[PDB]
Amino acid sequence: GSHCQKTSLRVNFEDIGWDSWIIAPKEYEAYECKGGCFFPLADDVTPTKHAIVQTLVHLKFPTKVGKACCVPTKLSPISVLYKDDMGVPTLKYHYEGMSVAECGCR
């Protein structure tokens, strides 16, 4: 059963070019939503009626319409130590939208 779930994704801030303004941490766990949104669906997929309808339409017209996507439905914040406009290391205690909390078909 390769369905929509949260899997591991470690993100190094230097690789994405954010080390120019983020001092710490060097890496953090962002996770990622991976998996198919096809039927039969599952309980924790938590689909919208539109993703269900869209998946059905994709099944009958695969070349015209795409299928639903496994995306983050809830995000959690992290804390980062960034450079202030005057070079002062300032802590952003709740940097929102950085880590995946829940996944779902949308």
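Start at 1 and count along the sequence shown; that's the residue number. So that the term is clear: the rigid core is the largest set of C-alpha atoms that superpose within 1.5 Å between two forms.
Displacement analysis by core superposition in 5 other deposited structures of this protein ranks 40 to 48 above the other of 65 to 73 and 40 to 48 in root-mean-square C-alpha distance from the shown form. For 2 to 10 versus 97 to 105, the mean Cα distance to the shown form in 5 other deposited structures of this protein after rigid core alignment is larger for 2 to 10. Annotation for 77 to 85 versus 46 to 54: the higher mean temperature factor (C-alpha) is found in 77 to 85. As the entry records it, the average C-alpha temperature factor is higher for 3 to 11, out of 97 to 105 and 3 to 11.
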